[PDB]
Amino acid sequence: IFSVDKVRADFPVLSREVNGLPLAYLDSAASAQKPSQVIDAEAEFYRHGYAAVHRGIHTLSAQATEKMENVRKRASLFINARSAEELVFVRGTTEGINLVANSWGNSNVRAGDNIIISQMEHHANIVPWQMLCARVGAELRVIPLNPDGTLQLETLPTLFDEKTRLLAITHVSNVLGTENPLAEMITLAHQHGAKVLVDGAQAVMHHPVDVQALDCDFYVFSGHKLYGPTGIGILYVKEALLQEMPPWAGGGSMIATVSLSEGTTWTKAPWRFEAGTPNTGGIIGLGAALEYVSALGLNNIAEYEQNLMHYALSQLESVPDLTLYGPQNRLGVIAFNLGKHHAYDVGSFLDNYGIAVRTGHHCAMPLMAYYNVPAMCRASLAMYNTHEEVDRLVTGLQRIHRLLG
């Protein structure tokens, strides 16, 4: 089993007060709070180990380079990659997806080809493909949704054909909490020679993720939602593909040699897509965030969060005129609207009770359009949230409905 009380004690922010009331942070899906072990790992690095990592000569630099490469190894085991050199450090999920669309997309998607996304994609997994499709004259196809917030799988035969170069799909919806059948969809994609990029930003923190078993070709996720620092994410790429990807945004440790008369050359795999100075502080902290989550056990985390969610959905039945979006087996997030009140207002009232939720379009406008609403509220129920916080949310919605109804 798994003790919320012992976990919560690790997170100094949860003692905080907002509007003079105790904080109920229900917005982890936007960005997670960080445990002490993560915060101090970063700070200790700065206080006693800090140096440049440009594979440099003196001791501090050599030790920092080893620290950073150990984190790359730890992250590869975390998602069960075959090799640490299949992992690239990126600024975040957004930049990783763009990296793939520029380096791989421009070399492998020609005029008259098509790319497939879904209608529940976060904008980070839409805009790069929309632009790749314009550059090269390709077509962007969209898997549509069902009312319950799952993908209309029956439509895949009309979307996959011999010219489909890539499926880009979310692992878990940041709005609905739907978990897509990645394994099976990847089998279909690979029958046509198409590659699959998986947007995993909302998945790696709710349960184990095994990129070999999935057999996905690209997998990207974000540090700051994995209880880690800002400014760091992970892009996984199959070795065979990665060693074929040409260069793009060239800098320092991405640039091998440069000549005014003969041009420049670029360094080998992972490192070639890591220009300039790496975010060594961020990397150190992501490392610790991986160790912390592993020490708790993603299966323990999955079990506690899953029961918190069942509890929450049961308690929410007693909220009048509540509209929920998504499936019964959602992970992590609950999306709703209250009667006819703008989500902006509902969120403002909950914040007034010290409850933080996200309101707006959640960086998923096509998904809002599908449901014919302009916005929704979203509450995240993460590993450090409690039955009491769910009770405050339920009570709060009841009060807002009595007051504004």
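When you see a residue number, it is the position in the sequence shown, counting from 1.
Q. Mean C-alpha B factor from the entry: is it higher for 283 to 291 or for 108 to 116?
A. Averaging CA B-factors over each stretch, the winner is 108 to 116.
Q) With respect to the recorded C-alpha B factors, which stretch has the higher mean value, 88 to 96 or 249 to 257? A) Taking the mean C-alpha B-factor of 88 to 96 and of 249 to 257, the larger value falls to 249 to 257.
Q: Check the PDB entry and point out which of 240, 126, 235, 201 has the largest C-alpha temperature factor.
A: Among 240, 126, 235, 201, the highest C-alpha B-factor in the entry belongs to 240.
Q) Compared with the other modelled residues in the chain, in which third is the CA B-factor of residue 173? A) Tercile = lowest for this residue's CA B-factor.
Q) What third of the chain, by the recorded C-alpha B-factor, contains residue 210? A) Lowest third - that is where residue 210 ends up once the chain's C-alpha B-factors are sorted.
Q: Relative to the other modelled residues of the same chain, rank the CA B-factor of residue 143 and answer lowest, middle or highest third.
A: Within its chain, residue 143 is a lowest-third residue by C-alpha B-factor, going by the deposited values.
**Q.** Relative C-alpha B-factor of residue 78, binned into the chain's lowest, middle or highest third
**A.** Ranked within chain, residue 78 CA B lands in the middle tercile.
Q | Modelled-residue ranking by C-alpha temperature factor, third containing residue 223 | A | Its C-alpha B-factor, which the entry lists for residue 223, ranks in the lowest third among residues of this chain.
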